[PDB]
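Student: I would like the atomic coordinates for the input below:
(chains A and B, ligands or ions: 1)
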Number of protein chains: 2
Amino acid sequence: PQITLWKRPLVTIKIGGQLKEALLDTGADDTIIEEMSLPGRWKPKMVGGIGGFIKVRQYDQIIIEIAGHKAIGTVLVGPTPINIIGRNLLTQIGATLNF
Amino acid sequence: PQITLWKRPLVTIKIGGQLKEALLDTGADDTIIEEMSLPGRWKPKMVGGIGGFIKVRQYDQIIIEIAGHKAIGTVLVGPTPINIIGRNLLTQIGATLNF
Ligand SMILES: CCCC[C@H](CC(O)(O)[C@H](CCCC)NC(=O)[C@@H](NC(=O)[C@@H](NC(C)=O)[C@@H](C)O)[C@@H](C)CC)C(=O)N[C@@H](CCC(N)=O)C(=O)N[C@@H](CCCNC(=N)N)C(N)=O
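Tutor: Numbering: from 1, shown residues only, chains lettered A, B, ... in the order given. The coordinates are given below.
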């Protein structure tokens, strides 16, 4: 699909067996999801942007489905104000910004 | 162009006759630039990012070129970690997300 930018580019994702809405964010290096359980090992990470940093749990090799496109990658979990799909998974679904 | 997301989508912008680097940021409602001088009156705005909220100065109707594309619109100035071109200007330059 072609997603204009008149409104926030929010899509449905499926992660960890759950459906969530998330923002496709070309300004995010990483994908950050609000608190939820994920399987496997995790390590702590600090990520920052406007307003400073939050601490998250980094889970690697997590499968996600973004707007019906499957991918795998690292997912950070923590107190993000909105779920964000960042470039580490946007690449995997073949997302480009075009103008 | 068609910009893939394997690296940050950084572009050159021109504002106030000066070239700067900025990030094309579909996760940003607005465009925020580091401290600089812009003409005219400003209005207060609070914006929220991953880490919390910051205060910025809102300047309207500012001439700005983004990767060679001319826009005229609102630029927030304040303590952003990096200059970000948000949706208010990405729509002016005709940018979409595509996958
Ligand atoms: C949490 C809100 C959605 C996330 C986006 C994030 C982002 O703007 O894409 C910024 C790009 C700016 C780059 C620093 N990216 C980030 O903050 C991401 N940061 C990064 O990718 C890198 N960090 C740095 C400092 O570059 C990396 C080294 O970690 C983090 C998400 C972590 C991966 C964001 O902050 N959007 C703001 C931008 C400010 C603006 N345009 O006004 C927004 O639209 N805010 C809306 C409301 C959103 C709610 N926020 C909140 N705290 N409730 C608003 N204020 O009007």
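
Student: all strands for chain A, in order.
Tutor: Remark: strands assigned in chain A by DSSP state E are A:2-3, A:10-15, A:18-24, A:32-33, A:42-49, A:52-66, A:69-77, A:84-85, A:96-98.

Student: Give the other helices and strands that the fourth one contacts.
Tutor: Just to be clear, that refers to strand A:32-33. The helices and strands touching strand A:32-33, judged by 3 or more C-beta pairs under 8 Å, 6 or more residues apart in numbering or on different chains; DSSP states H and E, are strand A:69-77. All C-beta atoms are positioned from the backbone trio N, CA, C, and that covers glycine.

Student: what angle separates the strand it packs on from strand A:52-66?
Tutor: 160 degrees (axes from the mean of the first three to the mean of the last three C-alpha atoms, to 10 degrees).

Student: Next, the buried residues of strand A:69-77.
Tutor: Neighbour-count burial for strand A:69-77 flags A:69, A:71, A:73, A:75, A:76, A:77 (criterion: 16 or more other C-beta atoms under 10 Å in any protein chain shown).

Student: likewise stretch A:88-99?
Tutor: For stretch A:88-99, the neighbour count (16+ other C-beta under 10 Å) marks A:88, A:89, A:90, A:91, A:92, A:93, A:95, A:96, A:97, A:99 as buried.

Student: And stretch A:10-25, end to end?
Tutor: 9 Å (C-alpha to C-alpha, to the nearest Å).

Student: Now the closest residue to chain B within chain A, what are its backbone angles?
Tutor: Using C-beta to the nearest C-beta, the closest approach of chain A to chain B is made by residue A:50 at 2.4 Å. Backbone torsions for residue A:50, taken as degrees, to the nearest 10, come to phi -60, psi 130.

Student: From residue B:79, how far off is the closest residue to it other than its chain neighbours?
Tutor: Using C-beta to C-beta, 6 or more residues apart in numbering or on different chains and skipping residues adjacent in sequence, the residue nearest residue A:50 is residue B:49, 2.4 Å away. Going from residue B:49 to residue B:79 by C-beta to C-beta, to the nearest Å gives 11 Å.

Student: of these two, who's got more company?
Tutor: More crowded of residue B:49 and residue B:79, by other C-beta atoms under 10 Å in any protein chain shown: residue B:49, with 22 against 13.

Student: May I have the residues that are in contact with that one?
Tutor: By C-beta atoms under 8 Å, 6 or more residues apart in numbering or on different chains, the residues touching residue B:49 are A:49, A:50, A:51.

Student: For it, give its distance to residue A:49.
Tutor: Taken as C-beta to C-beta, the spacing of residue B:49 relative to residue A:49 amounts to 5 Å.

Student: go on, residue A:13?
Tutor: Looking at residue A:13 against residue A:49, where the rule is C-beta to C-beta, the gap reads 20 Å.

Student: Kindly report the residues of chain A close to the ligand.
Tutor: Remark: the part of chain A in contact with the ligand comprises A:23, A:25, A:27-30, A:32, A:47-51, A:80-82, A:84, A:86, using C-beta under 6 Å from any ligand atom.
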